[PDB]
Structures are given as structure tokens and as C-alpha cells.
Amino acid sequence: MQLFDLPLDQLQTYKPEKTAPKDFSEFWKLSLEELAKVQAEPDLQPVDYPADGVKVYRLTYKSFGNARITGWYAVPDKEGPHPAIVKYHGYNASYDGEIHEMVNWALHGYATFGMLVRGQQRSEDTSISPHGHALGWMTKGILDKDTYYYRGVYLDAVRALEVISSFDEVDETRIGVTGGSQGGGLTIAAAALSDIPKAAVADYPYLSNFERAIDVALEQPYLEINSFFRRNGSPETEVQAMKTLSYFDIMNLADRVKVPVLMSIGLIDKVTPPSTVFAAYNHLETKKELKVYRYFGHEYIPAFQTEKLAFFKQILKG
């Protein structure tokens, strides 16, 4: 397609004020405290996979709300410990958990776990639907930070790191986090909420700068928010929903990241608008780099794959 958001020169300095409420930190502390009360009880079940040099398994663990979260976990068939990667997927975009991708990461030398998102693929979402929402997960439980869909998801993302670091074959000092869109948002959230990750690569991250996203995105799934306001029109509901979203907005969590970050953005992306991604990036206060691709949108960028592999190889395989 074509350009549509602020010009690159303006994007470079686009940095909205944080929207985090006064109890933002307290909310995350309490949420992590809740997660800590649930014993992970990890279980590894081998899987038959048509490749040599790797051992593949279905990893399952317990998280917030006693939810059963799973994903494929692939490890180099070598004597570890190994560097590791926790890979997070896109919104409604996992097709059988991307087992092939996980195996390729293991072949590249990383014990890799592709966490599958609760309610979207294979993992259980034990959180209820307290008040009715628009089609999708974006507005599920949006009237209260405690019941919001991403509360459980972010906690699951942190638990994934606690579980993989606990493995004897994983060098917990060399774990990376990565993912695209929704996976990119989870990558930033995980690095902001856990001291475990050592490096983060986020493709056009999702769940950033909600106030702007709903007025500039031209495609789904930010627009589910707009849809919820069409179906629940009281002015008070809109105020409450934006407030709960502010607790999950990665531009609010970004200044907690302490490790190196590599991020990408395609200038014609109408799903995660460039402005929203620059907002998250400009809120990071850590070693960081934003690779801008003028001719790409919300999709796989071959040149950035090269950058991602070189970054993880430099930091995690040092």
C-alpha cells in the first residue's frame, strides 16, 4: 500500500505523555504477587517431529487464575545448557502453534518456547467475561484492570520466562524474548515486568498508545475498542475502558525495560500504525534500535530477520 501516518521526520520525536494512573506500579506488583501464589508445575511431553538435531516437546504450566498455558518447546539435541528464547505470537494468528518456527530456532541453537496465548490457541483462559464485550478479546473484561484479558496474558508471559529459566538445560543468563504485533507487545511487557530476559526483539509492537491507535488504525484489531464503544455507549464506559487499557499500554511499561531492545516498523502498517510504535520506542530508556522499513507494512520483513538473528547471536551467544 502507501504512506498514511505522520511523516518519518515527525515520527522520530513523537512521544505522548504517559497515561499510567497513580496506582500503575501497585497494580503490577499485586498482579505479580497473585501469579507467584500459583505453582508452575511444569510438564514436558515429547513430540514426534520430522527432524534430526532437535528434541521437541509440548510444555504446559500453570499461571494466573490457575490457567493451563502451553506451547511447543524445542531444544538443540546437544549438551547444554543452551541460550534460550521465549517467542510470543500475533493476535488470533497462531496456526497450530508455529511448531516449525520453534524447531528452526532450536536448530539455530536456542532452547525455544513459543507461548500460546490463553483463549487464542491451545492455552486455557480461566478468566470469565464479566460484562459482555465486542467480538474478539480486546474488550473482554475491559471495565476493570483486574478482569481485563491482558492481565492474565502478561502474567502468563512472565511465567513462561520463569519456567524456561528453571530448566537445567537452559542458561537463564542468556534468555531472549521476541514476537511480532501482539507478540511484540508481549515481548516489551515481559521485559518490563521480569528481570529474566537479557535481550528483546519486537516487531511492530501491538498494545501501544491506545488513545492514538483507536483514532489512526485502519485495520483490525485495535478497532475492536471502537466497536465496544458503539455497543456500550455511555460516556462513563469509555472513560473506564481507556483507564483500564492504560495499565497495559506498553508505552507506559517501556521505561521499566533494562536490557537491549531491537524493534521494527514498516511505514505503511495500518494495523500497528507507525506513530504507535514510535511512541513505545521513544519511551524506552535502554540500549535500543528501531529499524524503519519504508516499503513494508504489518508483515514479515526479510532484512529485519537478519538483524534479529545477528542481535540475538551477539548478545545471547557471547
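Just count from 1 along the sequence shown to find any residue number.
Asker: For the stretches 275-283 and 30-38, which has the higher mean C-alpha B-factor as given in the deposited record?
Answerer: The deposited B-factors put 30-38 ahead on the C-alpha mean.
Asker: Averaging CA B factors per stretch from the PDB record, which one is higher: 181-189 or 162-170?
Answerer: Higher mean C-alpha B-factor: 162-170.
Asker: Highest CA temperature factor in the entry: which of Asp96, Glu101, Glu124, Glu236?
Answerer: Among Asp96, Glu101, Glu124, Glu236, the PDB entry lists the largest C-alpha B-factor for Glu236.
Asker: Please work out which residue in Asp215, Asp156, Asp77, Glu224 has the highest C-alpha B-factor recorded for this crystal structure.
Answerer: Of the candidates given, the C-alpha B-factor peaks at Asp77.
Asker: By its CA B factor, does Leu44 count among the lowest, middle or highest third of the modelled residues in the chain?
Answerer: Highest third - that is where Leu44 ends up once the chain's C-alpha B-factors are sorted.
Asker: Ordered by C-alpha B-factor within the chain, which third holds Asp146? Give me lowest, middle or highest, please.
Answerer: As the PDB entry reports it, the C-alpha B-factor of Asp146 lands in the middle third of its chain.
Asker: Could you tell me which third, lowest, middle or highest, the C-alpha B-factor of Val259 occupies within its chain?
Answerer: Its C-alpha B-factor, which the entry lists for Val259, ranks in the highest third among residues of this chain.
Asker: Ranking the modelled residues of this chain by C-alpha B-factor as given in the entry, is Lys198 in the lowest, middle or highest third?
Answerer: Its C-alpha B-factor belongs to the highest third of this chain's values.
Asker: Per the entry's values, where does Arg231 land by CA temperature factor relative to the rest of its chain, in the lowest, middle or highest third?
Answerer: Tercile = lowest for this residue's CA B-factor.
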